[PDB]
>>> print(open('start37.pdb').read())   # PDB, C-alpha atoms
MODEL        1
ATOM      1  CA  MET A   1      83.550  94.571 134.500
ATOM      2  CA  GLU A   2      81.875  91.218 133.894
ATOM      3  CA  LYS A   3      83.676  90.294 130.677
ATOM      4  CA  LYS A   4      86.527  91.670 128.626
ATOM      5  CA  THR A   5      85.138  93.663 125.753
ATOM      6  CA  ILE A   6      87.565  94.917 123.149
ATOM      7  CA  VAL A   7      86.224  97.476 120.820
ATOM      8  CA  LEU A   8      88.081  97.931 117.488
ATOM      9  CA  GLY A   9      87.481 100.858 115.155
ATOM     10  CA  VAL A  10      89.293 101.788 111.997
ATOM     11  CA  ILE A  11      90.210 105.320 112.705
ATOM     12  CA  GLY A  12      89.988 108.159 110.246
ATOM     13  CA  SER A  13      89.529 107.831 106.531
ATOM     14  CA  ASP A  14      91.538 105.984 103.866
ATOM     15  CA  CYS A  15      90.193 102.612 104.935
ATOM     16  CA  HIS A  16      88.140 100.134 102.915
ATOM     17  CA  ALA A  17      88.414  97.281 105.419
ATOM     18  CA  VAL A  18      91.936  96.056 104.603
ATOM     19  CA  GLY A  19      93.411  94.184 107.545
ATOM     20  CA  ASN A  20      90.068  94.873 109.254
ATOM     21  CA  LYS A  21      87.787  92.242 107.758
ATOM     22  CA  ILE A  22      89.444  89.044 108.995
ATOM     23  CA  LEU A  23      91.669  90.971 111.420
ATOM     24  CA  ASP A  24      88.470  91.691 113.323
ATOM     25  CA  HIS A  25      87.338  88.072 112.751
ATOM     26  CA  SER A  26      90.449  86.877 114.600
ATOM     27  CA  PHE A  27      89.564  88.719 117.782
ATOM     28  CA  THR A  28      85.895  87.736 117.631
ATOM     29  CA  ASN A  29      87.163  84.184 117.086
ATOM     30  CA  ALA A  30      89.560  84.624 120.049
ATOM     31  CA  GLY A  31      86.636  84.195 122.429
ATOM     32  CA  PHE A  32      86.607  87.954 122.992
ATOM     33  CA  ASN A  33      83.586  90.177 123.058
ATOM     34  CA  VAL A  34      84.631  92.182 120.050
ATOM     35  CA  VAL A  35      82.536  95.130 118.986
ATOM     36  CA  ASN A  36      83.227  96.131 115.398
ATOM     37  CA  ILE A  37      82.701  99.881 115.661
ATOM     38  CA  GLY A  38      82.887 100.109 111.862
ATOM     39  CA  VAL A  39      85.538 100.956 109.308
ATOM     40  CA  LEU A  40      85.949 104.726 109.380
ATOM     41  CA  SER A  41      84.837 105.647 112.867
ATOM     42  CA  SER A  42      85.274 108.405 115.434
ATOM     43  CA  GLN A  43      86.715 107.761 118.892
ATOM     44  CA  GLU A  44      83.584 109.086 120.598
ATOM     45  CA  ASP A  45      81.952 106.015 118.941
ATOM     46  CA  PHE A  46      84.615 103.665 120.382
ATOM     47  CA  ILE A  47      84.051 105.248 123.654
ATOM     48  CA  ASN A  48      80.358 104.584 122.885
ATOM     49  CA  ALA A  49      81.037 100.841 122.488
ATOM     50  CA  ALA A  50      82.761 101.069 125.845
ATOM     51  CA  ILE A  51      79.729 102.822 127.334
ATOM     52  CA  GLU A  52      77.576 100.147 125.725
ATOM     53  CA  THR A  53      79.468  97.016 126.457
ATOM     54  CA  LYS A  54      81.909  97.931 129.180
ATOM     55  CA  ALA A  55      85.224  97.887 127.314
ATOM     56  CA  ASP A  56      88.303  96.762 129.219
ATOM     57  CA  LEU A  57      90.295  97.629 126.067
ATOM     58  CA  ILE A  58      89.837  99.921 123.098
ATOM     59  CA  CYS A  59      91.683  99.295 119.821
ATOM     60  CA  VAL A  60      92.229 101.633 116.882
ATOM     61  CA  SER A  61      93.002 100.254 113.438
ATOM     62  CA  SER A  62      95.278 102.484 111.370
ATOM     63  CA  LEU A  63      95.369 101.964 107.578
ATOM     64  CA  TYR A  64      96.592 105.398 106.559
ATOM     65  CA  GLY A  65      99.812 106.306 108.411
ATOM     66  CA  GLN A  66      97.922 108.750 110.656
ATOM     67  CA  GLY A  67      97.044 106.417 113.523
ATOM     68  CA  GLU A  68      98.443 108.813 116.093
ATOM     69  CA  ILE A  69      97.065 111.877 114.371
ATOM     70  CA  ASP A  70      93.517 111.160 115.514
ATOM     71  CA  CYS A  71      94.063 108.557 118.171
ATOM     72  CA  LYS A  72      96.280 110.352 120.716
ATOM     73  CA  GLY A  73      94.544 110.476 124.100
ATOM     74  CA  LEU A  74      91.702 108.067 123.565
ATOM     75  CA  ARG A  75      93.080 106.448 126.685
ATOM     76  CA  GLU A  76      92.566 109.909 128.228
ATOM     77  CA  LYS A  77      89.404 110.491 126.279
ATOM     78  CA  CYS A  78      88.237 107.167 127.640
ATOM     79  CA  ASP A  79      89.569 108.347 130.907
ATOM     80  CA  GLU A  80      87.726 111.512 130.274
ATOM     81  CA  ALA A  81      84.647 109.692 129.043
ATOM     82  CA  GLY A  82      84.191 108.198 132.529
ATOM     83  CA  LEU A  83      85.731 104.961 131.313
ATOM     84  CA  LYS A  84      89.002 105.035 133.243
ATOM     85  CA  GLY A  85      90.552 101.618 133.786
ATOM     86  CA  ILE A  86      90.591 100.936 130.090
ATOM     87  CA  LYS A  87      93.999 100.185 128.645
ATOM     88  CA  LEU A  88      94.322 100.857 124.923
ATOM     89  CA  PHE A  89      95.852  99.108 121.979
ATOM     90  CA  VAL A  90      96.982 100.979 118.880
ATOM     91  CA  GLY A  91      97.798  98.974 115.776
ATOM     92  CA  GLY A  92      98.562  99.248 112.086
ATOM     93  CA  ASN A  93     100.057 102.189 110.198
ATOM     94  CA  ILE A  94     100.299 103.916 113.547
ATOM     95  CA  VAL A  95     102.746 106.483 112.173
ATOM     96  CA  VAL A  96     103.581 107.255 108.525
ATOM     97  CA  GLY A  97     104.405 103.679 107.649
ATOM     98  CA  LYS A  98     105.995 103.169 111.046
ATOM     99  CA  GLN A  99     108.832 105.133 112.651
ATOM    100  CA  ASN A 100     110.891 103.585 115.478
ATOM    101  CA  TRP A 101     109.539 101.871 118.625
ATOM    102  CA  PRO A 102     111.591 103.805 121.283
ATOM    103  CA  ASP A 103     110.135 107.083 119.978
ATOM    104  CA  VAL A 104     106.771 105.650 118.906
ATOM    105  CA  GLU A 105     105.874 103.916 122.170
ATOM    106  CA  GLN A 106     107.172 107.001 123.984
ATOM    107  CA  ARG A 107     104.504 108.837 121.940
ATOM    108  CA  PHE A 108     101.639 106.417 122.495
ATOM    109  CA  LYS A 109     102.267 105.508 126.119
ATOM    110  CA  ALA A 110     102.629 109.220 126.964
ATOM    111  CA  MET A 111      98.982 109.588 125.915
ATOM    112  CA  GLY A 112      98.203 106.304 127.680
ATOM    113  CA  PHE A 113      98.136 103.729 124.848
ATOM    114  CA  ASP A 114      99.774 100.792 126.558
ATOM    115  CA  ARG A 115     100.694  98.640 123.584
ATOM    116  CA  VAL A 116     101.758  99.380 120.012
ATOM    117  CA  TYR A 117     101.372  96.910 117.117
ATOM    118  CA  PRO A 118     103.234  97.535 113.797
ATOM    119  CA  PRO A 119     101.618  97.691 110.319
ATOM    120  CA  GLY A 120     100.754  94.187 109.154
ATOM    121  CA  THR A 121     100.669  92.437 112.506
ATOM    122  CA  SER A 122      99.489  88.954 113.223
ATOM    123  CA  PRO A 123      96.380  89.126 115.451
ATOM    124  CA  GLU A 124      98.007  86.341 117.506
ATOM    125  CA  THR A 125     100.105  89.118 119.076
ATOM    126  CA  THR A 126      97.133  91.253 119.796
ATOM    127  CA  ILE A 127      95.192  88.322 121.224
ATOM    128  CA  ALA A 128      98.185  87.206 123.285
ATOM    129  CA  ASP A 129      98.614  90.797 124.223
ATOM    130  CA  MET A 130      94.994  91.230 125.546
ATOM    131  CA  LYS A 131      95.192  87.840 127.211
ATOM    132  CA  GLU A 132      98.503  88.510 128.974
ATOM    133  CA  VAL A 133      97.347  92.030 129.924
ATOM    134  CA  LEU A 134      93.886  91.077 131.236
ATOM    135  CA  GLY A 135      94.965  88.199 133.502
ATOM    136  CA  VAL A 136      94.925  85.369 130.970
ATOM    137  CA  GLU A 137      97.421  83.075 129.199
TER     138      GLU A 137
ENDMDL
END
>>> encode(input="start37.pdb", output="structure tokens")
Amino acid sequence: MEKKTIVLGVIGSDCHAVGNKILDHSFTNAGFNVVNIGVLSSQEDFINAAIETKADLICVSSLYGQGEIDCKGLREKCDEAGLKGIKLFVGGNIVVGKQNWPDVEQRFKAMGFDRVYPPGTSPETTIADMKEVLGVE
């Protein structure tokens, strides 16, 4: 791929745009091609931003404690979508609140989601994450 496109969608319902109004702005500001898929959005649409742009990474934004409940195997759905190579981020209220890292990353990484941000994360982590991951910083 020519550039690194990140595609962030706020997944499932129970989402106004909280921590996804300036939390998107951060990434767009980070010099990334950042496609705002929209607050409340299906994964076949995030996939669609990866078809459109050529995503290197696909982010889900969880604001409802059910991040996993939809998201599980978007890496594999991206894989499945003929968009294999994409490494995924999953951030926010990834589990109900948030459980415990050893178990949680075992969950996410088993599906393929490489990196797990907590609920109420600085975007500096996510930016430093995509940089460090994608041969930057």
>>> atom_distance(input="start37.pdb", atom1="atom CA of residue A:88", atom2="atom CA of residue A:40")
18.1 Å
>>> residues_around(input="start37.pdb", residues="stretch 58-62 of chain A", least_positions_apart="6", cutoff="6 Å", atoms="all atoms listed in the file", output="list in words")
residues 6, 7, 8, 9, 10, 11, 88, 89, 90, 91, 92, 93 and 94 of chain A
>>> closest_residue(input="start37.pdb", among="A:20, A:102, A:136, A:71", to="residue A:120", atoms="all atoms listed in the file")
A:20
>>> residues_near_point(input="start37.pdb", point="(96.3, 87.7, 112.5)", cutoff="12 Å", atoms="only C-alpha atoms", output="PyMOL selection string")
chain A and resi 19-30+91-92+117+119-128
>>> closest_residue(input="start37.pdb", among="A:32, A:132, A:43, A:38", to="residue A:15", atoms="all atoms listed in the file")
A:38
>>> closest_residue(input="start37.pdb", among="A:97, A:118, A:73, A:85", to="residue A:57", atoms="only C-alpha atoms")
A:85
>>> resolve_selection(input="start37.pdb", expression="the PyMOL selection byres ((chain A and resi 54) around 10)", output="number ranges by chain")
A: 1-7, 47-53, 55-57, 83, 86
>>> closest_residue(input="start37.pdb", among="A:134, A:67, A:31, A:105", to="residue A:14", atoms="only C-alpha atoms")
A:67
>>> resolve_selection(input="start37.pdb", expression="the PyMOL selection byres ((chain A and resi 111) around 8)", output="list in words")
residues 72, 73, 74, 75, 76, 107, 108, 109, 110, 112 and 113 of chain A
>>> atom_distance(input="start37.pdb", atom1="atom CA of residue A:68", atom2="atom CA of residue A:95")
6.3 Å
>>> atom_distance(input="start37.pdb", atom1="atom CA of residue A:114", atom2="atom CA of residue A:129")
10.3 Å
>>> closest_residue(input="start37.pdb", among="A:18, A:35, A:84, A:41", to="residue A:70", atoms="only C-alpha atoms")
A:41
>>> axis_aligned_box(input="start37.pdb", around="stretch 104-115 of chain A", padding_each_side="5 Å", output="AutoDock Vina command-line options")
--center_x 102.7 --center_y 104.1 --center_z 123.3 --size_x 19.0 --size_y 20.9 --size_z 18.8
